[PDB]
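First comes the structure, then the notes that go with it.
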Amino acid sequence: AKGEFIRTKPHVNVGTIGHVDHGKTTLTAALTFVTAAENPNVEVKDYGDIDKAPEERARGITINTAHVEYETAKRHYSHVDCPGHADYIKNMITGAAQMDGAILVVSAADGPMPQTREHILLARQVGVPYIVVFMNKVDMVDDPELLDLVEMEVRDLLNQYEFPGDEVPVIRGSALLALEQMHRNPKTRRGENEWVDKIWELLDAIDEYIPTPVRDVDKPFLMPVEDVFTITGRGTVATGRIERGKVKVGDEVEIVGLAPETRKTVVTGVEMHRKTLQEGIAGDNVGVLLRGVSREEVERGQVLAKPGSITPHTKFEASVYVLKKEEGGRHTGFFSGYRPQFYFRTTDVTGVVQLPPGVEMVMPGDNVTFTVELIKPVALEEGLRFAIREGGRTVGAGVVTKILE
Amino acid sequence: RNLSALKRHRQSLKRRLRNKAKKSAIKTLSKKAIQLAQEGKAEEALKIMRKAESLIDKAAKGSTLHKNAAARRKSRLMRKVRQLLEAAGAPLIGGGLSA
Amino acid sequence: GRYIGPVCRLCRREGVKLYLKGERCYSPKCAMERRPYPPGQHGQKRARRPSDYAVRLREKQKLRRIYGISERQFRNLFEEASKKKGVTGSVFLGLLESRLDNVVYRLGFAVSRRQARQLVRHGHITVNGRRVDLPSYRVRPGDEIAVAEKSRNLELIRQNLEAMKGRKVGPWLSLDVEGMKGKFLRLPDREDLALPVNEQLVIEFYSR
Amino acid sequence: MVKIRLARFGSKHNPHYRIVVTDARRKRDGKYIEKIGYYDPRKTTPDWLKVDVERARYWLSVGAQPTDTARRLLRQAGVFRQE
RNA sequence: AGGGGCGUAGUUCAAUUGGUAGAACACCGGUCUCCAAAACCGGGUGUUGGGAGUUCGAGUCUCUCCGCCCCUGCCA
RNA sequence: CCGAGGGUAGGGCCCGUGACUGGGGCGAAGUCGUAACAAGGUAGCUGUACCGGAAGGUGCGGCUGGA
RNA sequence: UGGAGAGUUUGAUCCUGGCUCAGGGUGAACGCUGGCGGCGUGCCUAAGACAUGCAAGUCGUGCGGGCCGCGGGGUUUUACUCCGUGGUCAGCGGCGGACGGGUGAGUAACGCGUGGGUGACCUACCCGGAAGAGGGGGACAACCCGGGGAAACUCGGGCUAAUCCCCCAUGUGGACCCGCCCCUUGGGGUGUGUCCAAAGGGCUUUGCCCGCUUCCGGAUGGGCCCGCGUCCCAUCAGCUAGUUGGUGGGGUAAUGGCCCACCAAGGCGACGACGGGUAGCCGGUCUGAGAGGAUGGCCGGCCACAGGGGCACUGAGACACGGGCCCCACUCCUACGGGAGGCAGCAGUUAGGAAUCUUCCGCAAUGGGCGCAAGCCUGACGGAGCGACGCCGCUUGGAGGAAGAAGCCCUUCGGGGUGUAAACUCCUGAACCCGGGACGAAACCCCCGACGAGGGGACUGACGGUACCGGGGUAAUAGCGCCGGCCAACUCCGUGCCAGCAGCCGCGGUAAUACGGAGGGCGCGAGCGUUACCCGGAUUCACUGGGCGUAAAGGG
Ligand SMILES: NC[C@@H]1O[C@H](O[C@H]2[C@@H](O)[C@H](O[C@@H]3[C@@H](O)[C@H](N)C[C@H](N)[C@H]3O[C@H]3O[C@H](CO)[C@@H](O)[C@H](O)[C@H]3N)O[C@@H]2CO)[C@H](N)[C@@H](O)[C@@H]1O
Ligand SMILES: Nc1nc2c(ncn2[C@@H]2O[C@H](COP(=O)(O)OP(=O)(O)CP(=O)(O)O)[C@@H](O)[C@H]2O)c(=O)[nH]1
Ligand SMILES: [Mg+2]
Ligand SMILES: [Zn+2]
């Protein structure tokens, strides 16, 4: 009584970011109801169970990235719903470190806010090629030409961090209303009810523009872990979004990064939104029941590669670029004793900055060949992509140029 | 969820109900018998006894009582009805109990 | 597994010129024939008086190293010699002798026991027609040990065999130098084996 | 009732049944009444099935009920042969 | 994963108007001795938890990060 | 009638814990004295009794394992 | 065919005596290291709580039907829908669900072990003997109509079949009362009286096969009882009312205070009663010269238990692991009156802990249940998987190869070691490649023959394309402990009663074979060490086999 996942259309992960109280979640629950009627295989979610965590619920806000499944007769999507605020950025950044495309969300009444910025900024440093805006809260005071000013300054923001801002498809409407009628209108297609048709402008808007990225299942295998759950009577399940290759029940895999020595196992099962996946492929968002391992051994930040491909390494001499202060990065300099927080895939393990001979300083812009030793052995390869935050603002970005041990 | 072992249960209640009665009968019918044997009613006494020795021994054919059980009741109904028909009885109708 | 490592070094330590290479060990250089003292930074210094335990340990190591066996097998074998009837001091050697890879050595098919092994290990030998690759295999009396056909034409099988010309195998073995056969006629007696080892002591090391 | 069957022995991948009279309810390799033979389904030795007839017959003549594969063996040793 | 605490020499602890950090006992060094103990001289010996921030200058005020304790979460 | 279990009451044994309090073992070089070991400078030891910072002292009897 | 000691109290000695070491054993755990195969073996803690799936059914050759598709159209067509004949879903009826599988919580007990007793008894299915199987009557599901319910499902009315129940007859016989004979606790023969039997089903049809009924004999499996044996505390010394016995009743398959009235006053205890503690018991396991000591995990046997506590029903058998009824805790559902569950079955989760596994493959074999049989069910079982947990086998190479590279380490600066070790030259061939390819499986069944004996023929392989075999073919893992004495093995430097070692005695205070590192050496090797536990040494609870004047110990 679980059912097998029938992979028909291609899968793409889209996340939903943006400041607080701007409809991020509702707009999410919306896509559920909207895309529902016009096709089965969706399973409806509401503003309530999208945020099932007590407090998250009882208290009001969204605290953990959701994870919803809704399709179109065109393309199958997996919707990762990030939280607003700051504080939880460590949970949006992990949600973002996945999603192929980001459905940005701004509010007509408020306009681009402090978090609206950073989120976009994180997207430009996480690696979310492609953003879609969705002005929400439009059903507010007749703004003949005010909501227009939003799309004028929001685009300014996107084209302010290397994003096709002028091209970005800025749909308009309200999710509440859109939702509301649907809420009391289970069955019912588009080209009918007012606002409901405003959601589709967005959905379709996604089937287009937004890609479906160069994917391969020929290289080894890799899967950065986003979370780990203990499934009763089953065992330890680790989720994430696949990188290269594929994985099916019965395969060997190693858990690499953030521990003494890596443990190898055998996958006991795979799924995708509770659907018994027969063989998750790259770019797929899966769940992996790892044979006989404990929730004390798997941890968000390590990988699940194929045995023998990519070991854990602490010291790594890697080339790196440093965001200038104008880029909202660093406005000073660091010594050969600097200890920042790098972000490899979904994890951030703090490392040192043992700077090379003759570089008695490093300020905004710039990009030298400095070494570093992490305090937690993490799965590293040759050319891995990473960023460098600290204090509450990204400061650089580079890739492994060489590996020490 | 459930098993076709309830058939065995239902099946049971009946059989229960079955020999339950075949059993009550023998109790009552054997009381009345000695009550009349102590009283002296030699005739209508054996009349009943001999009619119980019947109901009893039939319990054995089935799964109610059985063998030595059935026989036991008897050797305490005759061994009894006889030790009563001595109270100035002279078993007139030597129906079942041989002299 | 089988020691594998410097050998004339053991030859040394023990003192008694041990034969673990066959060929060169008859040469003017068994090393023992060149530096008759124990290996190591010391080896040639006043030898203290050996505890009865040393004497026994040393006498056992001597014997055991002479076969290339591991302690596990060696002892386990000894313990069996205890149970069987008759002077175990003897039986033991008889069992150490009845070992397969050894008899391959005791027949010339191989210059040294280390070699005898590899030979046995790689099919090269044949017991009563069928081929055995178990060095540990216990040859029983009246059995025939012989080189496997696929091997006869090998540079080695030849020479070692070429040497058995005019030579005689231990009084308890028979040998057909022409056809690479050879029978395990009788279980060798303590006498028949001129070993530089006092089996009597080896028995003592294993009591207390 | 009392039966004549095979009770396993030997090692894994080396079946070595023992022909035995025993209450049907006893577990397989459990305790029996009497031992009457052995049967190596892999026949290794000109001695792959011994069976005491005299006794095998006693049991049969009292109720002992053989298995199909236990009759074949019994028979093969000629338990029924009368002439 | 989200809250809240705690980290000053060796060991207990004080300086929070923002100003190189002392107080006791330890401890090291020297003299005497085989060597200590005692005695007598002489020396804070610190990663203020790490790294940055603001600052003319941070134990203190910001922030990020490490370890530990406490509460609340957490079914592919 | 019997009857698992529940209740009211009064006992018995056990595991843990408690303000305070008794002595004990152990811990290089802190204080007081000097009881024993040589009439150990009052022969020693002992049962008992009383007294004393502490070792101990005294009484009565006993022992020699004191001369 | 069987017996070894050593270190340590002293300035030294002999004795006493304790501690400790050398051996062996383990369901191990922990550290470092880890290549292969086979056979074993793997929750010692929470008898804690557990999602999910699966672990017990099977017979139409017992019976009637519901449904789907074919034979002839009852009639001439659809109508009172009748048969022929294999698939399907329950029902009724039989036999099995009491065995197989799990566990050790409880239990100091005739629970177990051992040898006996039953004139005091039971035994389904299975064999062997004897006798029958004659007639009659009826109900209840299934199904149809109605009513209630969210659901789990239950109530009213109406038929209906049987190997279902019931009643009479026959009575080889069997049961019961009284009497006689023999025997001697209730057993064997016997007499008058009374009471009790049964079912048809399939065919190849006055005969077979399968059932049925009663009775005797036999097997197998059991109940009960008795002698003897079975841990600690006596700082547990007195215990007992169903208490001990009797008589008469109830109960049972059967003896019995097993249960009850009545009468009596007993029963038990230093030969350890009563109480408290701990514990499943044995075959066996480990150790020991033995006598002993310790132990009860694999496997086999017996007991006991199935969430906790009690109960009876059916039944040859249970007071029943995946049956029922009640109570309790707990978890779950609801349409709020009632429903659901119990992995100490398999696999698995979590909690606890130093620690103990796959949600596997297959009924091919062996065993079990039902069946005429085909065959269906079989997490028994046969296999595979994971872990050096264990034992055993196997590899990391073999033969040459210098008065002897280098690097490192000692150095009386002459030289010495690591060392044939390396390099190097050949030689072999783990791996890998290609190819064939199992044993385990002959019988159920069919055929000549009486479904007799006997003969011939056919199907069936999870493990596995594995094992094993042949062809070609690459040098292709090594670690861990230790070196003061006991105990196999020594030098340099660093450190300086510091840091640290340590099983016991002890090492370290500026030349440390004892600390840390290095070179060297010894031991073992896919392992080596550590901790824990048992026996041994320990004649150190002494039966074998000790002692007490002053060593512990003679009682005032
Ligand atoms: N274990 C000692 C027992 O207690 C008493 O002895 C205890 C004390 O009286 C004795 O004290 C002595 C003192 O007497 C002497 N004059 C000076 C010495 N420094 C102290 O020593 C004691 O204290 C020091 C710390 O100050 C510890 O390091 C030492 O180990 C300890 N024994 O030390 C003992 C504690 O270890 C009894 N007299 C003795 O008979 C008894 O067995
Ligand atoms: N007027 C208006 N209010 C809306 C709209 N969409 C959402 N809201 C309001 O915002 C509330 C919750 O918004 P939500 O979607 O959870 O915000 P969010 O983007 O998840 C903010 P965070 O994730 O950081 O907690 C709704 O209950 C509603 O009152 C809209 O389109 N118009
Ligand atoms: Mg939200
Ligand atoms: Zn040599």
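Numbering of chain C is taken from Swiss-Prot, so the residues present carry the numbers 2-209, in order.
Determined via X-ray crystallography, 3.1 Å.
Every residue, even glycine, has its Cβ placed from backbone N, Cα and C.
Pulled from Swiss-Prot, these are the features on record:
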BINDING   C:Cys9, C:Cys12, C:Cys26, C:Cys31  Zn(2+) binding site
DOMAIN    C:99-161  domain 'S4 RNA-binding'
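Location within the structure of each feature annotated in Swiss-Prot.
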residue : record              : DSSP (3 states)
C:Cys9  : Zn(2+) binding site : helix
C:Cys26 : Zn(2+) binding site : helix
C:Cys31 : Zn(2+) binding site : coil
DSSP helix/strand/coil residue counts for the domain 'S4 RNA-binding' (C:99-161): 26 helix, 11 strand, 26 coil
Neighbouring C-beta atoms (10 Å sphere around the C-beta of C:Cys26 (Zn(2+) binding site)): 20
Local Cβ density at C:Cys12 (Zn(2+) binding site) - other Cβ atoms counted within 10 Å: 23
Neighbourhood of C:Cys9 (Zn(2+) binding site), C-beta criterion under 8 angstroms, separation at least six: C:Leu19, C:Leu21, C:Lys22, C:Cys26, C:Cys31, C:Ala32, C:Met33
CB-centroid shell, 8 A cutoff, Zn(2+) site C:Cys9, C:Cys12, C:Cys26, C:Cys31, site residues removed: C:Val8, C:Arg13, C:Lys18, C:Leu19, C:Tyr20, C:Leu21, C:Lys22, C:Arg25, C:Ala32, C:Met33, C:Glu34
Other CB atoms, at most 10 A from the CB of C:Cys31 (Zn(2+) binding site): 20
